[PDB]
Structure formats: structure tokens, C-alpha cells
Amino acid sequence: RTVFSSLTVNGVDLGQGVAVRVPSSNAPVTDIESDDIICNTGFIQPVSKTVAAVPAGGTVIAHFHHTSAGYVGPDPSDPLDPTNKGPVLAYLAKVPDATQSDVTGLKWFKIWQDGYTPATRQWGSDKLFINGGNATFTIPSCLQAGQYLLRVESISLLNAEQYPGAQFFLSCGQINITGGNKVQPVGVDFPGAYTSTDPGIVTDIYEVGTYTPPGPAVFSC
């Protein structure tokens, strides 16, 4: 189990819970047809009204830890339980106001993922564990400036040999992309993008040879 609960932007730490809608527990979302698949559920109140200014092309760290508290010292399952093999993914959606409570009917484009490397038997979850929960990626430099939600997701496939089984640990960050250009990428729906026929969601990790994470191709400028 794991929770995304803080951000670093171009090396500046914003603070625990700042500009992130932090779910109250580290319980997974398991229903890919639920609106809970968009940004999780049951947020710690009051929800942050910080919207992080991020230049297009800038480097962001989405911080995962075992619990919604963030870092509370040594813990063998911090940032996640290393037995929980699976991918890590990051998506953006353009939103009128990054503090708005309604997150339905947005168009999500994938900006980064780390799946599985067969030759080394290493999963994105392993890399995230090694990096102390630091999921690090860049914001595409060509994007239209404005308010966006940043959906960052860790999937455990330990029990994913049937659906339901995959465990989805995710949160949404609140950002304001500055600079940039005029590109407005095509996005997918949440719910909708993930289905029970996706081999990225139904997978036996003890029978895996090749692996493709669920959802659309990564967007690049």
C-alpha cells in the first residue's frame, strides 16, 4: 500500500500535503469503473488550495510514502511494499480551476510511465522503492499554459491474476503550467481508459514475460 501526498518542483519541496488531494488511508481503489479511479476518494480536509506553479519543461517529483502522513521514519513498506510488483504512471488533464471539486469529464494524457524490463526482471515499483518514493518526470515543454490536474499512480499486480485484483494507489496534484507553447494533447476518459480486458491490468506476475502498462501511449512533444 502507498500514497502520493507531496510534490517537489525544480528541486523546491512544497511541503507535506501541499497542492495534493491526499486520500485519508492507503487503501487501494479496486473498481476501474468507479469515479474513485480518477483522483481517489476520502480526502484529508481541509483540501489544499495551493496550485503549484510549474514551468512547461520543468522537473516534478511526486512523493509516495506508505501512509497518507508522509515520512514518519524507517518502515520496510515505505514508500511501498516491495513485493507489490507493478507499474508507475503519470497523467495530466486540463481543468478550468485546479481546486474545483468535480473531476469527472476531463481528458487525461499520459506523460510518463515505468512498466517492466524483462531482461532485469525490474518493475517501476522496484525503481520507485529504490528512489525513496520519488516518482520523477518532466512536464512536456510544448503544452498550453493554464491549470491542470496531475494524476500519479502506483499499481500493485500481486493479486491481479483475475479482475478485480489489481490495486490502484493514486492522487491528483494541483498545478499551473507556466510558459509553454500551444499544444493541447488528445486525452482519454477516466473512468473508461482502463478495462478488465487490458493485459496491463489482468496479469499473473509469476507468469510474466513481457508487460505493457494500461492506458494510452505516452504523449511527447
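Position 1 is the first residue in the sequence shown; the rest follow in order.
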{"property": "Stretch exceeding the other in mean C-alpha B-factor - 44-52, 148-156", "result": "44-52"}
{"property": "Out of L170, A27, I175, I61, residue topping the C-alpha B-factor column of the entry", "result": "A27"}
{"property": "Criterion, highest CA B-factor; candidates, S5, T8, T2, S220", "result": "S220"}
{"property": "Third of the chain, ranked by Cα B-factor, where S125 sits", "result": "lowest"}
{"property": "Entry-reported Cα temperature factor of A119, expressed as the chain third it lands in", "result": "highest"}
{"property": "Ranked C-alpha temperature factor of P87 among modelled chain residues, by third", "result": "lowest"}
{"property": "Third of the chain's Cα B-factor distribution that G105 belongs to, per the entry", "result": "middle"}
{"property": "Position of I111 among the chain's modelled residues by C-alpha B-factor, lowest, middle or highest third", "result": "lowest"}
